[PDB]
Every structure is written in structure tokens, then in C-alpha cells.
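I have placed the structure first, in the form of C-alpha cells, so that the comments after it can refer back to it.
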Amino acid sequence: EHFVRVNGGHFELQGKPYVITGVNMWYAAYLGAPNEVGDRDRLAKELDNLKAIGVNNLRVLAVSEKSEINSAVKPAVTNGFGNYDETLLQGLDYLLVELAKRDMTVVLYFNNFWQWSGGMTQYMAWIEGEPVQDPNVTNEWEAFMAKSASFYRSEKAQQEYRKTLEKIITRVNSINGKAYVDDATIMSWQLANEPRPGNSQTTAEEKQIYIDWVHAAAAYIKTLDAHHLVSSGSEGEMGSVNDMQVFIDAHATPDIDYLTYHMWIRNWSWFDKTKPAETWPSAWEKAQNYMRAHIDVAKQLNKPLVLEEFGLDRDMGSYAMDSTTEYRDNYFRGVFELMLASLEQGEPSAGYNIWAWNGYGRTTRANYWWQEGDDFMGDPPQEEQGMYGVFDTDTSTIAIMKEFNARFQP
Ligand SMILES: O=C1NC[C@H](CO)[C@@H](O)[C@@H]1O
């Protein structure tokens, strides 16, 4: 029908500006599955609530790789190379039908730097014949990130990645009969969740391999689909081994239509969730700098910029649904205020996706750890259920979302 397009530093839909006022709901396609893995009744109710809060865009995982670790989604879409669960992919079909009824769009990412959907390290585990070592268990994060980036250098891994891209992009929706390439419900194809060049000791050669991978992968998708937007899923500078020139060079290709950045002030040690009053002022100074730096790059490259992930812990780091969210709420207000001013001033700030949406999902696990069969939440299986997710009962947070979702609309 009519697709979301780019014109300079903004998106357009039917010749009018389009601003992303979104959430991350990684599990939305799983929820559409027609078997016991799905919860279609819940999916419709969630999308009805989100639409009522002014949400126009979801960012969703397209594919997962089978993993045996206890920090990963189960079951998976890809049960060994080429062995796709068609019943689960009907969940993506169903999601696309449901979004289209509500004039909502989706950004679909095809891989994962991290472990919670298998992702790049699971590709390498299958190739190498050695199981993934869950970094939640080993705490060997530097080793993990290096293994994950080894994906870019593997010809077999790239062949298999390209096969998966082709499998999904050329899909026909089994429900409505729409080819995916013809479906304007899809806003963008996205290379991966948070692809990084490697660990803190990444070499110049490894930076170039990453740049070349982003270029080649985006160009490959454009051979399949000349018209949908393509984005990388990068965090920005923090996902570029703290080298903004890597970010710039990777995203300078015309086959990348818009820019992404993610902001994780607690993960980056700028904010201490157990010393929030003491650390908030410094964290906010650093967050505003991170936003400004990326807005400047978006001006340089003449592309829209989406804050496609950002979030903050509940008060004192609680996972409980009855805990307060004062710090999170004030953070979201600050980010929204700055971004709205940016947009008013004609800068390439083109919207956002909060990380993440829990909605009607619930856990009764004492340790807040997801187990197979448990409600899917915006917090994926590698984090406590309740870490960053916004519940339907988080009234104060939802009111802020409702307000700004309306204000960001042209
Ligand atoms: O893509 C992501 N970035 C950070 C989130 C919060 O830690 C995490 O859940 C996810 O892997």
C-alpha cells in the first residue's frame, strides 16, 4: 500500500510527516502463534491498549535460534540451520494482520548480538560444534562479545544469515496472502539487535569488517526488497566500540535509510540503581550528551534518528510490579522534553521506542526468572521479569507516554 519513506531527516507516510512513538515488544510475534506458545487473545488486548496510549510502532524480533541455555527464549524459530518452525512464523503473519487493523507499523530485526534469542553466538556454536556458554553464568562478557563478532568473519555464518533473511523477506502472509515485500505494515527490516564490532579490545581490522558487514547486509536486503526501509539496530557510539567514526562509516551507505541509537544509563554504569539520588545528576548530563552527539551525526549524514531503545530500572532496582517508578518516569520526561524540542527545531529526531512493554504479562516466579511456558514480557529471558518493562498498571508511566505520544504527532 503506502510505505513509510524517508525524506531528509524525517519519515513520511502518504506525503505527511511520520514520527515514531513506539515500544519494544520483542515477543509480539511469538504471542501471535496459533499453538500453545501463543496467546492471541492477549495480543489483541495489548495492541488495543497500546493504540489507546498513542503507540504507532513496535520493534519486534523476527527470528530466534534454538539454544539450551537458561537465558534464551524457548521454543525457537530456527531448530538448526534451515529448519524453521512454520507454526511459529504464522505468529508473525498474525501480528502483521493485527497491526494492519490498527494502523500500526513494525520494525523487525533478524538476529541478535546477545544470547537471549540465540543470535550470533548460536550460529557460531552450530558451526563449531561447541555449545554456547551463557555469559549470565560465566560473566565472561569480553570473550562473549568477541565470539559474537566472529560471526561477521564466517562465510558459512553469512550464507546462513542471508538464507534466513531471504526466507522471511520472501514470505507470503499465510492469513491475508500479502507478500511481505508488499506489506506497508512493515516499516523497516533491521539487520540485528545491537550489532557491535567486538569487545573492548577490537582491532582496526575488526572495525572495518563490521563496517563492511553493515554495508553488505543492507545491500543484500535491498536486492530482495527495493522499497522497505533498512536499519542496522546499532546502539550508536556505545555499540561502535566508543568510536563515533565507526558508527558514521558503517551507516554512510545509501542502503541504510535511517539511524538508530539506544541509551542504557544503568547498564553503562552512569546510573547506580541502588544510589539513584547520588548518581542521577551525572547520569542525566551524560545522557543529554549522548543524545546531542547522535543528533549531530544524523545532521551530518542527513538521515532520521530513532531512539529505538531506552529504559530505566524501577525505584531501588525492584522487580516487583507494586514498586514505584519515580526515577524512570522523570527520565522519560527529560528524554521526551529534549527530543520534542529537537523535533520542533527541525533536527532529525524522528521518534523513539521505549524498552520495554510488559502490559498484561505477569510472573509469579520468586526469583523473577522466566521459564518455558511463562508469560512473555518486554524483559527477555536473560533479565529479570520486571527489570525494565512497563506494566499496564504503571499508571504514572503510561500517562507520560500518552501525553508525549500525542505531542510528537504532527
Ligand atoms: O537490546 C537490548 N539492550 C539492552 C536491554 C536492557 O538491558 C536488553 O534486554 C536487550 O538485549
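Quick note: numbers below take in every heavy atom, side chains included, and nothing from hydrogens, waters or symmetry partners. Residues: numbered from 1 along the sequence shown.
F376 and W370 have parallel rings, their planes meeting at less than 30° on a 0 to 90° scale where 60° marks the start of perpendicular.
Of the N and O atoms on the side chains of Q208 and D212, at least one donor lies less than 3.5 Å from an acceptor on the other residue. No hydrogens or angles considered: a donor-acceptor pair under 3.5 Å links the side chains of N139 and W141. Side-chain atoms of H294 and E237 form no donor-acceptor pair, as typed in the model, at a separation below 3.5 Å. Using modelled atom types, one finds no donor on one side chain facing an acceptor on the other under 3.5 Å when comparing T363 with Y319. Side-chain contact, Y27 with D375: no donor N or O sits under 3.5 Å from an acceptor N or O. Neither side chain, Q385 nor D379, offers a donor N or O lying under 3.5 Å from an acceptor on the other. No hydrogens or angles considered: a donor-acceptor pair under 3.5 Å links the side chains of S71 and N136. Judged purely by distance below 3.5 Å, without hydrogens or angles, the side chains of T138 and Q133 never pair a donor atom with an acceptor atom.
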Could you check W357 against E46 for side chain to side chain donor-acceptor pair (under 3.5 Å), going step by step and ending with a plain yes or no?
CA-CA 9 Å; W357 186 252; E46 296 282 9; 2.8 Å; yes
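The ring-ring contact (aromatic ring centres under 6.0 Å, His included) test applied to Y258 returns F11, not counting sequence neighbours. Applying the side-chain hydrogen bond (donor to acceptor under 3.5 Å, both in side chains) criterion to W126, with sequence neighbours excluded, gives no partner residue. For the ring-ring contact (aromatic ring centres under 6.0 Å, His included) test, residues two or more places apart in sequence or in another chain that qualify with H251 are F247. Partners of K167 under the side-chain hydrogen bond (donor to acceptor under 3.5 Å, both in side chains) rule, at least two apart in sequence or in another chain, are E86. Applying the salt bridge (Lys or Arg N to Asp or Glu O under 4.0 Å) criterion to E235, with sequence neighbours excluded, gives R196. Under the rule for a side-chain hydrogen bond (donor to acceptor under 3.5 Å, both in side chains), the partners of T274 that lie at least two apart in sequence or sit in another chain are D272. Residues satisfying the side-chain hydrogen bond (donor to acceptor under 3.5 Å, both in side chains) test with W270, not counting sequence neighbours, are none. Every residue two or more places apart in sequence or in another chain that forms a ring-ring contact (aromatic ring centres under 6.0 Å, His included) with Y388 is listed here: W264. Qualifying ring-ring contact (aromatic ring centres under 6.0 Å, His included) partners for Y84, counting only residues two or more places apart in sequence or in other chains: none.
Here the straight-line distance linking atom CG of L96 with atom CG of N173 works out to 6.0 Å at 0.5 Å rounding. For the atom pair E309 CD and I354 CD1, the distance stands at 12.5 Å (nearest 0.5 Å). Atom NZ in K163 sits 9.0 Å away from atom CZ in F81 (nearest 0.5 Å). Atom NE2 of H262 is separated from atom CG of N353 by 8.5 Å, given to the nearest 0.5 angstrom. Distance check, rounded to the nearest 0.5 Å: CD of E347 to CD of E344 gives 11.0 Å. Remark: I175 CD1 to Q90 CD distance equals 6.5 Å, nearest 0.5 Å.
For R5 and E12, the salt-bridge test fails: no basic side-chain N is under 4.0 Å from an acidic carboxylate O. Salt bridge absent: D313 and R328 never bring a charged side-chain N and a carboxylate O closer than 4.0 Å. Using a 4.0 Å cut-off between charged side-chain N and carboxylate O, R171 and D93 make a salt bridge. Checked for salt-bridge contact, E403 and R407 meet the test: a charged N lies under 4.0 Å from a carboxylate O. A salt bridge does not link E337 to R333: none of the charged nitrogens lies less than 4.0 Å from a carboxylate oxygen. The pair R40-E98 does not count as a salt bridge, with every side-chain nitrogen at least 4.0 angstrom from each carboxylate oxygen. A salt bridge links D392 with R362: at least one charged nitrogen is closer than 4.0 Å to a carboxylate oxygen. We find that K101 and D48 are not joined by a salt bridge, their nearest charged nitrogen and carboxylate oxygen being 4.0 Å or further apart.
Residue pairs that meet the salt bridge (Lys or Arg N to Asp or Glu O under 4.0 Å) test with at least one member in residues 241-255, sequence neighbours left out, are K207-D243. Pairs engaging residues 106-119 under the side-chain hydrogen bond (donor to acceptor under 3.5 Å, both in side chains) rule: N112-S117, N112-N193, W114-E194, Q115-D134 [sequence neighbours left out].
A ring-centre distance under 6.0 Å is found for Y290 and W268. Aromatic ring centroids of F310 and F332 lie under 6.0 Å apart.
Within 6.0 Å of atom NZ in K66, 12 or fewer heavy atoms from other residues, nucleotides or ligands are found, so the atom counts as exposed in its surroundings. Applying the 6.0 Å contact sphere to CD of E285 captures no more than 12 heavy atoms from other residues, nucleotides or ligands.
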Pair up each side-chain donor or acceptor in residues 393-400 with any protein partner under 3.5 Å, not counting sequence neighbours, and list the distances.
unit_1 : atom_1 : unit_2 : atom_2 : d
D394   : OD1    : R314   : NH2    : 2.9
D394   : OD2    : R314   : NH1    : 2.9
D394   : OD2    : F391   : N      : 3.0
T395   : OG1    : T393   : O      : 3.3
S396   : OG     : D329   : OD2    : 2.5
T397   : OG1    : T325   : OG1    : 3.3
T397   : OG1    : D329   : OD1    : 2.6

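Formation of a donor-acceptor pair under 3.5 Å by the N56 side chain with backbone atoms of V19 is found in this model. Without hydrogens or angle criteria, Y30 side chain to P75 main chain gives a donor-acceptor distance under 3.5 Å. At distances below 3.5 Å, at least one donor-acceptor pair connects side-chain atoms of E142 with backbone N or O atoms of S200.
Between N70 and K74, the shortest heavy-atom distance links the atoms OD1-NZ, 3.4 Å.
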